[PDB]
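Read on for two forms of one protein chain; each stands alone as structure tokens, with the labels structure 1 and structure 2.
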Structure 1
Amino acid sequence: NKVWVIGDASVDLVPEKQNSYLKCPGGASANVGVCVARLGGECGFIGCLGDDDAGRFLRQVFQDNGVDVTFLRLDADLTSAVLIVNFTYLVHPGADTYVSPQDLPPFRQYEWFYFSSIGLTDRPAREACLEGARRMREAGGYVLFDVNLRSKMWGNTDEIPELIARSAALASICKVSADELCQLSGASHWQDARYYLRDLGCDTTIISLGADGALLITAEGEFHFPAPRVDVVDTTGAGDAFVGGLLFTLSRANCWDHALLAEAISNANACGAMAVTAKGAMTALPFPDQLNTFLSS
């Protein structure tokens, strides 16, 4: 089953010499997408980018990695996001924010649709996301909502709670980090908010706990899934890598049951880790071979 990823793709510029910048592939939706593909899963990216040098570069990365870019509309009246890292935002109306409902493909039953709160920041992309999730549900598809909070990017932070809630309603599964549970709920202890979304309408919650692995909150109870122990070298991209692994596994069958869900979180942690022993985000994502060599240690 195909895995649709909708959202942001941007170019991060990192120093190389006293007079150069290395252009790295970035974006939460982008990493997740490359992740699923780089694991042999069928993944399509739904989004928007500028026809500038950056957007073309990005589109190439998707292709080098096996990500279907048929619904990645490259426009010329738009500007692809470029960031200076030290971190910095040069382009603000942002091109990935213009992706709209008419940028969405037809969905098929058992397909998965992904999106984070990041794509809910600016109005156009907001409809693509909410309409996107509604359509996939209507088609007998699954929605995985990853609250990937970045308040800073939000104009009126008063919209956050509302969108998150309306998202948990459409979603089949919600992924959230312990820190986010505290931000949204206000509690100091995340476990005091482990039912935040469950009350907001999502019968299956996956709480990433950093090195402590994951916590599954379903109707019957909560099950802890510890993570492999490793040499923390850089936690960047970890969460996105985690979701990619989860989506890759879930897409391996029409219905997901007990065993599949438990297997997905295991895979999610594996990816999350390898995406921490290395450096970078997209360049930490493993290939089926590396995952095993790492898994069996």
Structure 2
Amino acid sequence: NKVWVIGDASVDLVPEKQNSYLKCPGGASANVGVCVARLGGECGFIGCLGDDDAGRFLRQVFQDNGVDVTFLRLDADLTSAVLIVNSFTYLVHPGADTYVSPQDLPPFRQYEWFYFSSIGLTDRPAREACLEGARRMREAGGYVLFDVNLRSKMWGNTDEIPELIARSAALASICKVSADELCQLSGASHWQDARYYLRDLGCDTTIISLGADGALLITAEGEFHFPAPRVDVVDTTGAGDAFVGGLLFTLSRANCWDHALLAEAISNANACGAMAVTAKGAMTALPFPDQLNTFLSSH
């Protein structure tokens, strides 16, 4: 089954040595898509980019990794998001990614998967492309994986975040969130005190990522833990997106998901999340099957 990813695809600049930046493909949605694609999964990226260097550059990268770019529009009037990794400094302000709209959306088939995060909900057009998209995919008989990726910083009014999150989860089939983002959401301090924020918000199934700990599968049969492999932190940047990638790659393998499948999925997610931090770039270390298992077992 195809996994549709919609959202941001930037050009992350990672300080190599204090007088020289490193150029590596970036963006939540992008990363997630390249991840799923690298694992041989069938993934299509939906979104907007500038017909500029970063744009074509990023578009090429998508192709090099096997991601379908049939629905990736490049606009020689917009400026593809560039950023400086540190914390995240967002050079390009509006960002061509925010211009996606309901029309850039493709026909969804039954059982396919739709992905998006808080990021894509930030600005005008894109926000409607995400919610309209989610709704359509559900009507088509597909699934939606909403990953609350909280980058509040780049939001105009932090007043909207809860509402979008809320109706976002209503639309979701599965919600992914970090321990960290939970607290920040409903003014918590310890996440457990709010590890139902999403469930009590319409999402019957929520996955909570936890440092190098692993995750937490919350379905009605109960809470389940999956330990994360012993990592060696080089650049955390991209762990979460890698986590979602390995997660969607696993679910697309079938037509209906259950605890059984969710666990195999989460196991895969944790693995990918671990790996992706062993390099210097959101997607540099995203595994290929030949590499996924050399690690799986090896841990």
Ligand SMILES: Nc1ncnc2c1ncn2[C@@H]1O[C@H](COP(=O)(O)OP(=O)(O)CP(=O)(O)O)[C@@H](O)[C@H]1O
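Along the sequence of structure 1, residues get numbers from 1 upward. Think of the rigid core as the biggest set of C-alphas that the two forms share within 1.5 Å after superposition.
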- Selected structure - criterion: the form solved without this ligand: 2
- Task: Tell me, please, whether between structures 1 and 2 the C-alpha of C255 is shifted by 2 Å or more, with the rigid core used for superposition.
- Result: no
- With the core lined up, does the C-alpha of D234 move 2 Å or more between structures 1 and 2? yes
- Query: Can we say the CA of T277 moves by at least 2 Å between structures 1 and 2 when the core is superposed?
  - Reply: yes
- Task: On a rigid core superposition, how far has the CA of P15 moved between structures 1 and 2, in Å, if you could check?
- Result: 5.0
- Keeping the rigid core fixed, what distance in angstrom separates the two C-alpha positions of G186 between structures 1 and 2? 1.2
